[PDB]
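Enquirer: Here it is: the structure, laid out below.
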Amino acid sequence: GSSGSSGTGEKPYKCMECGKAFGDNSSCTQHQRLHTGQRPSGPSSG
Ligand SMILES: [Zn+2]
């Protein structure tokens, strides 16, 4: 499963923003941090 991540329900265990499984919450909660930032897709070629 690489593409096509959607459905009906909530997954407070694994991050949905990107989709990455963690081992310990400690690291899980932290991950969100990076997400907090703008996290812009990216500029156009050039
Ligand atoms: Zn994420």
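Chain identifiers are assigned as A, B, and so on, following the order in which chains appear in the structure tokens; residues are numbered from 1 within each chain, and ligands are numbered from 1 in order of appearance.
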Where does DSSP see alpha helix (DSSP H) in chain A, if you list the residues as a ChimeraX atom specification?
Expert: /A:25-36
Enquirer: Any chance you can output those residues with N, CA and C atoms as a PDB file, in the first residue's frame?
Expert:
ATOM      1  N   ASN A  25       4.795   6.259  21.587  1.00  0.00           N
ATOM      2  CA  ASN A  25       4.103   7.541  21.514  1.00  0.00           C
ATOM      3  C   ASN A  25       5.092   8.698  21.599  1.00  0.00           C
ATOM      4  N   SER A  26       5.991   8.631  22.576  1.00  0.00           N
ATOM      5  CA  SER A  26       6.990   9.676  22.769  1.00  0.00           C
ATOM      6  C   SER A  26       7.433  10.258  21.430  1.00  0.00           C
ATOM      7  N   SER A  27       7.817   9.380  20.508  1.00  0.00           N
ATOM      8  CA  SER A  27       8.267   9.806  19.188  1.00  0.00           C
ATOM      9  C   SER A  27       7.085  10.231  18.322  1.00  0.00           C
ATOM     10  N   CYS A  28       5.947   9.575  18.522  1.00  0.00           N
ATOM     11  CA  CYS A  28       4.742   9.883  17.760  1.00  0.00           C
ATOM     12  C   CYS A  28       4.321  11.335  17.971  1.00  0.00           C
ATOM     13  N   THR A  29       4.092  11.702  19.228  1.00  0.00           N
ATOM     14  CA  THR A  29       3.681  13.058  19.566  1.00  0.00           C
ATOM     15  C   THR A  29       4.657  14.084  19.001  1.00  0.00           C
ATOM     16  N   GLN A  30       5.948  13.791  19.114  1.00  0.00           N
ATOM     17  CA  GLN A  30       6.982  14.690  18.614  1.00  0.00           C
ATOM     18  C   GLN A  30       6.836  14.904  17.111  1.00  0.00           C
ATOM     19  N   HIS A  31       6.631  13.813  16.380  1.00  0.00           N
ATOM     20  CA  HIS A  31       6.476  13.882  14.931  1.00  0.00           C
ATOM     21  C   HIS A  31       5.581  15.052  14.536  1.00  0.00           C
ATOM     22  N   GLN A  32       4.417  15.141  15.171  1.00  0.00           N
ATOM     23  CA  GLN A  32       3.470  16.214  14.883  1.00  0.00           C
ATOM     24  C   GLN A  32       4.180  17.562  14.814  1.00  0.00           C
ATOM     25  N   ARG A  33       5.175  17.745  15.674  1.00  0.00           N
ATOM     26  CA  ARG A  33       5.933  18.991  15.712  1.00  0.00           C
ATOM     27  C   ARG A  33       6.327  19.430  14.305  1.00  0.00           C
ATOM     28  N   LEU A  34       7.094  18.588  13.621  1.00  0.00           N
ATOM     29  CA  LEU A  34       7.539  18.889  12.265  1.00  0.00           C
ATOM     30  C   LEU A  34       6.363  19.285  11.380  1.00  0.00           C
ATOM     31  N   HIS A  35       5.239  18.596  11.554  1.00  0.00           N
ATOM     32  CA  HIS A  35       4.040  18.878  10.773  1.00  0.00           C
ATOM     33  C   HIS A  35       3.535  20.292  11.045  1.00  0.00           C
ATOM     34  N   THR A  36       3.557  20.689  12.313  1.00  0.00           N
ATOM     35  CA  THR A  36       3.099  22.016  12.706  1.00  0.00           C
ATOM     36  C   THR A  36       3.571  23.076  11.718  1.00  0.00           C
TER      37      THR A  36
END
Enquirer: Which residues form the shell of 6 Å around ligand 1 when you count only C-alpha atoms and all ligand atoms, given as a short mmCIF file (atom, residue, chain, number, x, y, z; two decimals) with C-alpha atoms, in the first residue's frame?
Expert:
data_model
loop_
_atom_site.label_atom_id
_atom_site.label_comp_id
_atom_site.auth_asym_id
_atom_site.auth_seq_id
_atom_site.Cartn_x
_atom_site.Cartn_y
_atom_site.Cartn_z
CA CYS A 15 -0.21 9.78 11.69
CA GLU A 17 -1.03 13.75 7.63
CA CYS A 18 1.73 11.74 5.94
CA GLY A 19 1.22 8.14 7.02
#
Enquirer: What is the CA of residue 39 (chain A) to CA of residue 10 (chain A) distance in Å?
Expert: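 Between CA of residue 39 (chain A) and CA of residue 10 (chain A) the gap is 22.3 Å.
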Enquirer: What is the CA of residue 16 (chain A)-CA of residue 2 (chain A) distance in Å, reported with one decimal?
Expert: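 According to the coordinates, CA of residue 16 (chain A) and CA of residue 2 (chain A) are separated by 13.3 Å.
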